[PDB]
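A short write-up of the structure that comes next.
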Amino acid sequence: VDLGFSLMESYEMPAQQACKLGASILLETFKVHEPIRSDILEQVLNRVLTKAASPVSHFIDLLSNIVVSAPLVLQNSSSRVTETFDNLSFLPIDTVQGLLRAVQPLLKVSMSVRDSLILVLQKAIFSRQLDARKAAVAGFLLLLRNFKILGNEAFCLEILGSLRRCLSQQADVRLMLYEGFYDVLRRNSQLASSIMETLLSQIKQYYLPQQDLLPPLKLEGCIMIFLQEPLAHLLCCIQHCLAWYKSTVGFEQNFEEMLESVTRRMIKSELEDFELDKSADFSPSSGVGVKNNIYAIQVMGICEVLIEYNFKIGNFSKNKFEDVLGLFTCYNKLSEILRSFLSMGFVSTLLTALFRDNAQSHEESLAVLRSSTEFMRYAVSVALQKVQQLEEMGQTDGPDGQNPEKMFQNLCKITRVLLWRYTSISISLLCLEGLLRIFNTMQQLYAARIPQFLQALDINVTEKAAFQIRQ
Amino acid sequence: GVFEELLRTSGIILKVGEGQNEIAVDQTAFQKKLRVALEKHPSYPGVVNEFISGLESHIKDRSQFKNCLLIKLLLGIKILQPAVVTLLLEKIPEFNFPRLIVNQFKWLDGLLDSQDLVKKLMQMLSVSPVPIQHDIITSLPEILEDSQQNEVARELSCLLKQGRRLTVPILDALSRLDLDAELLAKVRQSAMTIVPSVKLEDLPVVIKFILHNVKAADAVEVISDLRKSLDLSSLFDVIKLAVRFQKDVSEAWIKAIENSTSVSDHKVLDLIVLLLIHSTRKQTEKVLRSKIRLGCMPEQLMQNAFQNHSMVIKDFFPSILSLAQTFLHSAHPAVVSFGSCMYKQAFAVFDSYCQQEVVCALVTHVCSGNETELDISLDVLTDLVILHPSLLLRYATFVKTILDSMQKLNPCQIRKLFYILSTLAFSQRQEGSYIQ
Numbered sequence: 385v386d387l388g389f390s391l392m393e394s395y396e415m416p417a418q419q420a421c422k423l424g425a426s427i428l429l430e431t432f433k434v435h436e437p438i439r440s441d442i443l444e445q446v447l448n449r450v451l452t453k454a455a456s457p458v459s460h461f462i463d464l465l466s467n468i469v470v471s472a473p474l475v476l477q478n479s480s481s482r483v484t485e486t487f488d489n490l491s492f493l494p495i496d497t498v499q500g501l502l503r504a505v506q507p508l509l510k511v512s513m514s515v516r517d518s519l520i521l522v523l524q525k526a527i528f529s530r531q532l533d534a535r536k537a538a539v540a541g542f543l544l545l546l547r548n549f550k551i552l553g582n583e584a585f586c587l588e589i590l591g592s593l594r595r596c597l598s599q600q601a602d603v604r605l606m607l608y609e610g611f612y613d614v615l616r617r618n619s620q621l622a623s624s625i626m627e628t629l630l631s632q633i634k635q636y637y638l639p640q641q642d643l644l645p646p647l648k649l650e651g652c653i654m660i661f662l663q664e665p666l667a668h669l670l671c672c673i674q675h676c677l678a679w680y681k682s683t684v701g702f703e704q705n706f707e708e709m710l711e712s713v714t715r716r717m718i719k720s721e722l723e724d725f726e727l728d729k730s731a732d733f734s735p736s737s738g739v740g741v742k743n744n745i746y747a748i749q750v751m752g753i754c755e756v757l758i759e760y761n762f763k764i765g766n767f768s769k770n771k772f773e774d775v776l777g778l779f780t781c782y783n784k785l786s787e788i789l806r807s808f809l810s811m812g813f814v815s816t817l818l819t820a821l822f823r824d825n826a827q828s829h830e831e832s833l834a835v836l837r838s839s840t841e842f843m844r845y846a847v848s849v850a851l852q853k854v855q856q857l858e859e860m861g862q863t864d865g866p867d868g869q870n871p872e873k874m875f876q877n878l879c880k881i882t883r884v885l886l887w888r889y890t891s892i906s907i908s909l910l911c912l913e914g915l916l917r918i919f920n921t922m923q924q925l926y927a928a929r930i931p932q933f934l935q936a937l938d949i950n951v952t953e954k955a956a957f958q959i960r961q
Numbered sequence: 048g049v050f051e052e053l054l055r056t057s058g059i060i061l062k063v064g065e066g067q068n069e070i071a072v073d074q075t076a077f078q079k080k081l082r083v084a085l086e087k088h089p090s091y092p093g094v095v096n097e098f099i100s101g102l103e104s105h106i107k108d109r110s111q112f113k114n115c116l138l139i140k141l142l143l144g145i146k147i148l149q150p151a152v153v154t155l156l157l158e159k160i161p162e163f174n175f176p177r178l179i180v181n182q183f184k185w186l187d188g189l190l191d192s193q194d195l196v197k198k199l200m201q202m203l204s205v206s207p208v209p210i211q212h213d214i215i216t217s218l219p220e221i222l223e224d225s226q227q228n229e230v231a232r233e234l235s236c237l238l239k240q241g242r243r244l245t246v247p248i249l250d251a252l253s254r255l256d257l258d259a260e261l262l263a264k265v266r267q268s269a270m271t272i273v274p275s276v277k278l279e280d281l282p283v284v285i286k287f288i289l290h291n292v293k294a295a296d297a298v299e300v301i302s303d304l305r306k307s308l309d310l311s312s349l350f351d352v353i354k355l356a357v358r359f360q361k362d363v364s365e366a367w368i369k370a371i372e373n374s375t376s377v378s379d380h381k382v383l384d385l386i387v388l389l390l391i392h393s394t399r400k401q402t403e404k405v406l407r408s409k410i411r412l413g414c415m416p417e418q419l420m421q422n423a424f425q426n427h428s429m430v431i432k433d434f435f436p437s438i439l440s441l442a443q444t445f446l447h448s449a450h451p452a453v454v455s456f457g458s459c460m461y462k463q464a465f466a467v468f469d470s471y472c473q474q475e476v477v478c479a480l481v482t483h484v485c486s487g488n489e490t491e492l493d494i495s496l497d498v499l500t501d502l503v504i505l506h507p508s509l510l511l512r513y514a515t516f517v518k519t520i521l522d523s524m525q526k527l528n529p530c531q532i533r534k535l536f537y538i539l540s541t542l543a544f545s546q547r548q549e550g551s552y553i554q
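For the record, the sequence lines run as chains B and A. Read left to right, the first sequence gives residues 385 to 396, 415 to 553, 582 to 654, 660 to 684, 701 to 789, 806 to 892, 906 to 938, 949 to 961 (the deposited numbering). Read left to right, the second sequence gives residues 48 to 116, 138 to 163, 174 to 312, 349 to 394, 399 to 554 (the deposited numbering).
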C-alpha cells in the first residue's frame, strides 16, 4: 500500500502507465484485504482533500471506483466528508462534479450530510465572488437532479425558488445554468411547469410584444461593454424545452405565438432594421464596433436557432422551407461582413434529408433547399466543426451531448451519408476531410467499439478493413 | 386602529405582548396572504399614508417592536419601501441593538435606491463609534449589490487611510468582497505600508490579507520588502495555512531568500520559514544545506533562536529530526557542528516522548556508520552528561542496552563508553544500583 500510494506522487508516456499501475494496485488491494478497508478509505480521503496545488482528477476517479464497489463502506467512515465539504469551493477545476457524483450514495441515505451540504450550498449561492459561485451553482444542479421528486414536493419548490433567485448573476453562470435546467427538466415533471413559467417570465422582458416594427428582439438592452445575456443559448434552451413538452404530452400558447411572430417578422426584415446595416458600420478595437460585434454574433445564433425550429415544425411544406431559405440568406449576408447551436440529431436528420432523400411524397420541398449550394456547404461545415470538437475535447455542446451511446450512433449515421455522397460523384474534398476526421477521432477515443462500427457500414476486422481499402 | 385591524384581517395576526404571530407555517404564506389583503385594503389611495401612521403606531410600541423580532415580510411591500428605510434611519442614532437591524437589512430584499442606502450608511458611519462602525462595515458586503463595488472600494480605501482602529475590519471586509484589478495594486500598497505600524492584535489578519489576494510575480519583490518589514516586528497559524493553500507563495519565498538573503545576513524567521517549507519537492532543504555549506546561518544565532522560539520547537517534532539526519552526514566542519548543536538543543525539548525519541535517534546513529559519526556521537553524549546527568538517567535503559551490544570499536571509543556508563551509574548512585 505504501508503494501504491507513493507511485501517485511519483507520477505527478510512462508516467501515465505508472499512475494506472498505482490505481490498479489500490483497487486490487481494496478488493482483497477485507479487514483493511477503513485504513484505505481514510488514507485516500485525507489525500484527496490535502491541498489543491495541482489537478487531482485521477484521485477522484479512484475515489469513485473504490466507493462504487462497497456501498456501505462509506457510511462507516462518515463525518470526514463534511470536513472536506467545508472547503470545497477553493480550487474547483470541475472535480467537484466528480466528487459529488462519487459520494452521492452517501448523501441519499444520510440526512445529516444532506443538511451540511445544503448549508454549504447556501453559503456559496449568497457569496459575492463569481469563482466560488460557479462551482456552487454547478454542484447545485447535481443536487437538484440527484433526488427524484416523484410521489418532498415542498422542499423541491423551496430549493427551486432558491435556484431561481440566482438568475441575476454574471454572464458565465447564466450561460452554464441552462444545460442543468434542461437536464433537471428531463428528470422531473412538476418542475417542468414551474421552470417553464420561470423561462416565460425571463423571456417576456426581452420579447417586446407588438406588431409592425422591425427588430423584434430588444438586443440593445444587453449591450454591457461586457455581455451579460447570452440570448442565443436562451432561445436554444427554450426551443428544446418546448419540444420536450410537446413530446411528453396557457404558457405554451404564448410561447408558440411569440415564436411565430418573431420568425414572421424576421423573414420580413433586413439589415437596415438592425443597427448594423452594411459596409462601414463597425471595426475591431473600437467601442461602438466591439458593441456591434456582440449583436452580430448573437443574432447569428438566433438565426441558427430559428432555422432549427422552423425545420422541426415545418413537416414537408414548401412555404416553411422558403422561410428557412430566407433566414439562411440573412445569416449568410451577415456572415460575409465578418461555433454553432445545432444538435447532433438535427444535423444527422438534415444531412440524410438533403443527400439520398429519394421519396415521391416530397412535393419538391427539398428541391428548394437543394438549389442553394451555400446551404449544403454550411450543412457539411457544421458537422465538420462538431466532429473537430469531439476530437479535441471530451464531448460537444448541445442537448444529449455527453451520453457516449448517442454520439456513437450519430457518428455511425453521418459516416454512411458522407461515404454515399463521395462515392456517388468544392463539396467532395470537404466530405473527405470529414471522413478523415471521423476515422482519426474514433481511433483515438472509441477503442473497443471498432468492430461494431465496421459492421454498421456493411466478424474478422481485417476482412472489412481490407474491403474499405479496396473501396 | 387601522393597522391593528389590517394585521388581524388576513395574513398574520399580531399577538399583543409575548404571543407569537398567528399565521400559517410558511415564509411565503405571509407574503401571499397579508400583502394581498393590504392590496385589497388599498382601494382608498389616501389612507395608505394614514396606514403608514398606523405603522408608526407599531413603531411607537416598544413591546410591539420586541415582539416583531414578520418584520421582513411587512417591510417587503414595494409601496411602503421608503417607509422602512426612513424608520431605520430614524431609529439608528436613537439606539447589540443595531446589530439585529443590520442582520435583518443585510442580504435583504433589493431596491433600486441602493446608492441612497450606501450614502446613508457612510454618513452614519462617519459619526458612529468603533463597534457600531465595525458592525456596519461587516454588514456592508451583504448590503452592497456589487454593481457599485468600485465607489465602495474607493471610500473604504479613503477611510482606511485615516481610521487607525477601523483598519482590521475594513481590510477583512475588502478581502472578503470582490474588487477591481486596478484597485488591487493600491490595496496591496496600502496594506504593505502599514505592516511596520500595524498593531499586534490585527497583525496576522493583515498578513493573511496581503498574502492571500496577490498571486503575481511582483509579490516576490514584496517578499523582499517583507524580508525587512516583517523582521522589524520581531498565532503563526495563518502563515502556515496560506503557505499550505499556496505553493506559488512557497516558490516566491524560496526565490526571495535565494536572491536577497545571500548578501543581507539572515533572520530567525527566515530559518523558521525554511523549516516550515521543508516540512510541507523539498528543494528548500537542499538550498539551506548549500547556504550553510557556504557559511550562512551560523549556529551561534541558531542556539538563541531555538531557545527563544519554544513554540516552533513545540510546534511539530520531525522537522528537527530530519534536519539532524541531514546535517549528520555533512562533509564540512560547519555542517557537522550545526548538527551537533542542533541535537544538543533538541535534547532540551520539554516533550518527554520527543526527548526519548531524540535520544534513541542518537543511539541509532552511534550504533553504526562512519567512525567519525561515532566519535561525534560520543562527544555530544559526554557534553550531555557534563550538562545534566539526571535527565539522561531517565532513558538509561536504552543506553545500557546499546552499550551491552558493543561488538567492536577503537580503544578510545570503549574508554569513552565505559566512562559514560561509570559516570551515569556513580552520579546516579541513589537509583544506580541496577546498573552497577
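Backbone N, C-alpha and C define an ideal beta-carbon position, used for all residues, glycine too.
Q | Residue from B:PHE767, B:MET513, B:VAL483 with nearest C-alpha to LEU502 of chain B | A | Locating residue 502 of chain B in the first sequence gives position 100, where the first residue counts as 1. Out of B:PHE767, B:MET513, B:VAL483, B:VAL483 has the C-alpha closest to the C-alpha of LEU502 of chain B.
Cα-Cα separation, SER204 of chain A to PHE492 of chain B:
Here the question's residue 204 of chain A lines up with position 126 in the second sequence. Here the question's residue 492 of chain B lines up with position 90 in the first sequence. If you take the alpha carbons of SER204 of chain A and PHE492 of chain B, they lie about 35 Å apart.
Going by DSSP in three states, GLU69 of chain A sits in which element: helix, strand or coil?
If you number the second sequence from 1, residue 69 of chain A lands on position 22. If DSSP states are grouped into helix, strand and coil, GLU69 of chain A belongs with the strands.
Reduced DSSP category for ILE959 of chain B - H, G, I as helix; E, B as strand; rest coil | The count along the first sequence starts at 1 and reaches residue 959 of chain B at position 469. It is helical.
Quick one, which residues of the stretch 206-238 of chain A are near chain B if we go by CB-CB under 7 Å, in chain order? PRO219, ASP224
>> Closest to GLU650 of chain B by C-alpha separation, out of B:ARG616, B:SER712, B:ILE745, B:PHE702, would be which residue?
In response: Against the first sequence, residue 650 of chain B aligns to sequence position 220. Cα-wise, what sits closest to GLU650 of chain B is B:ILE745.
Going by beta carbon distance, what residues of the same chain come within less than 7 Å of residue 173 of chain A, once the five residues before and after it are set aside?
In this structure residue 173 of chain A is absent; chain A steps straight from 163 to 174.
Contact list for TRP367 of chain A against chain B, beta-carbon separation under 9 Å = Here residue 367 of chain A refers to the residue found at position 253 of the second sequence. Proximity of chain B to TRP367 of chain A at the Cβ level (cut-off 9 Å) is not reached, the minimal Cβ distance being about 15 Å.
Could you name each continuous alpha helix (DSSP H) segment of 4 residues or more that falls completely within the stretch 408-445 of chain A, going from the start of the chain to the end?
417-426, 428-433
- Query: Within the 8 Å Cβ cut-off, does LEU255 of chain A reach chain B?
  - Reply: Residue 255 of chain A sits at position 177 when you count from the first residue of the second sequence. For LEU255 of chain A, the answer is yes, since a Cβ of chain B falls inside 8 Å of its Cβ.
(Q) I'd like to know whether the C-beta atoms of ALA366 of chain A and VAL283 of chain A end up nearer to each other than 8 Å. (A) Walking along the second sequence from the start, residue 366 of chain A turns up at place 252. Walking along the second sequence from the start, residue 283 of chain A turns up at place 205. Contact flag unset, no.
Checklist entry - Among A:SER408, A:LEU499, A:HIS105, A:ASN528, which one has its Cα closest to the Cα of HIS483 of chain A? => result Here residue 483 of chain A corresponds to residue number 365 of the second sequence, with the count starting at 1. Residue A:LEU499 is the option with its Cα nearest to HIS483 of chain A.
If you measure between the beta carbons of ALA846 of chain B and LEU821 of chain B, is that distance less than 8 Å?
What you label residue 846 of chain B is simply residue 379 of the first sequence in a count that begins at 1. What you label residue 821 of chain B is simply residue 354 of the first sequence in a count that begins at 1. It is a contact, given that the beta carbons lie within the stated cut-off.
Excluding the 5 residues flanking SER908 of chain B on each side, which residues of the same chain have their C-beta closer than 7 Å to its C-beta?
In the first sequence, the residue the question calls residue 908 of chain B occupies position 428. The residues are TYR889.
- Task: Determine, using beta-carbon pairs with one atom in the stretch 479-498 of chain A and one in the stretch 527-542 of chain A, whether at least three such pairs fall under 8 Å.
- Result: yes
Discussion item. Please list, in chain order, the chain A residues whose beta carbon lies closer than 7 Å to that of residue 404 of chain B.
Written reply: Coordinates for residue 404 of chain B are absent; the numbering of chain B skips from 396 straight to 415.
Can you name the start and end residues of the alpha helix (DSSP H) that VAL382 of chain A belongs to? In the second sequence, the residue the question calls residue 382 of chain A occupies position 268. Looking at the DSSP string, the run of the alpha helix (DSSP H) that includes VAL382 of chain A is 382-393.
Stretch-stretch touch, CB-based, cutoff 8 Å, three pairs: the stretch 98-115 of chain A with the stretch 602-618 of chain B | Result no; under three Cβ-Cβ pairs closer than 8 Å.
Q.
List, in chain order, every chain A residue whose beta-carbon is nearer than 9 Å to that of residue 368 of chain B.
A. Not covered by the structure: residue 368 of chain B. The range shown for chain B is 385 to 961.
For this session: Give me the Cβ distance between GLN599 of chain B and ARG535 of chain B, rounded to the nearest whole Å; I'm assuming they're in contact under 8 Å.
Result: Walking along the first sequence from the start, residue 599 of chain B turns up at place 169. Walking along the first sequence from the start, residue 535 of chain B turns up at place 133. Correct: roughly 7 Å between the Cβ atoms.
| query | How would you call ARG242 of chain A, buried or exposed, if buried means at least 16 neighbouring beta carbons within 10 angstroms? | reply | Here the question's residue 242 of chain A lines up with position 164 in the second sequence. So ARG242 of chain A ends up on the exposed side.
Beta-bridge partners of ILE60 of chain A, as assigned by DSSP: Within the second sequence, numbered from 1, the residue matching residue 60 of chain A stands at position 13. Note: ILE60 of chain A sits in a beta bridge opposite A:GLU69.
Check your understanding: If we count the other Cβ atoms within 10 Å of its Cβ and call it buried at 16 or more, is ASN174 of chain A buried or exposed?
Key -> Residue mapping note: residue 174 of chain A aligns to position 96 of the second sequence, counting from 1. Classification of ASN174 of chain A: exposed, given that the 10 Å Cβ count is below 16.
| message | Comparing C-alpha positions only, which one of B:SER479, B:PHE779, B:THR683 sits nearest to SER838 of chain B? | response | As a working mapping, residue 838 of chain B is identified with position 371 in the first sequence. The candidate whose alpha carbon is nearest that of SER838 of chain B is B:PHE779.
Can you give the beta carbon distance from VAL453 of chain A to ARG411 of chain A, rounded, assuming they're within the 8 Å contact cut?
-> Indexing the second sequence from 1 puts residue 453 of chain A at position 335. Indexing the second sequence from 1 puts residue 411 of chain A at position 293. Rounded, the Cβ-Cβ distance is 6 Å, consistent with contact.
> For residue 655 of chain B, which of B:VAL750, B:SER734, B:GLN704 has the nearest alpha-carbon?
Replying inline: Missing from the coordinates: residue 655 of chain B, inside the break in chain B from 654 to 660.
| field | Interface residues of chain A facing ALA455 of chain B [CB-CB closer than 8 Å] | value | As a first step, residue 455 of chain B must be located in the first sequence, where it is residue number 53. Those are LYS361, listed as they occur along chain A.
Discussion item. Using CA atoms only, rank isn't needed, just tell me which of A:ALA295, A:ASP213, A:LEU505 is closest to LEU178 of chain A.
Written reply: Position 100 of the second sequence, counting from 1, holds the residue named residue 178 of chain A. Nearest C-alpha to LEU178 of chain A: A:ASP213.
By how many angstroms is the C-alpha of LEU156 of chain A removed from the C-alpha of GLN111 of chain A? Walking along the second sequence from the start, residue 111 of chain A turns up at place 64. Walking along the second sequence from the start, residue 156 of chain A turns up at place 88. Spanning the two alpha carbons is a distance of roughly 16 Å.
Once DSSP output is grouped into helix, strand and coil, what is the label at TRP185 of chain A?
Counting from 1 along the second sequence, the entry for residue 185 of chain A is found at position 107. Of the three classes helix, strand and coil, the one that applies to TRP185 of chain A here is coil, per DSSP.
inquiry  = Are the CB atoms of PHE98 of chain A and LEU54 of chain A within a distance shorter than 8 Å?
reply    = Walking along the second sequence from the start, residue 54 of chain A turns up at place 7. Walking along the second sequence from the start, residue 98 of chain A turns up at place 51. Not a contact, by the Cβ cut-off of 8 Å.
Compare the C-beta of residue 3 of chain A against all C-beta atoms of chain B and say whether one is closer than 8 Å.
-> No answer is possible for residue 3 of chain A: it lies beyond the span of chain A, which begins at 48 and ends at 554.
Can you say whether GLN524 of chain B is buried or exposed, counting buried as having 16 or more other CB atoms within 10 angstroms of its CB?
-> Here residue 524 of chain B refers to the residue found at position 122 when the first sequence is read from its first residue. It is exposed - the Cβ of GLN524 of chain B has fewer than 16 other Cβ atoms within 10 Å.
Alpha carbon to alpha carbon, how far is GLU831 of chain B from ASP774 of chain B? As a position in the first sequence, residue 831 of chain B is number 364, starting the count at 1. As a position in the first sequence, residue 774 of chain B is number 323, starting the count at 1. When rounded, the distance between both Cα atoms is 15 Å.
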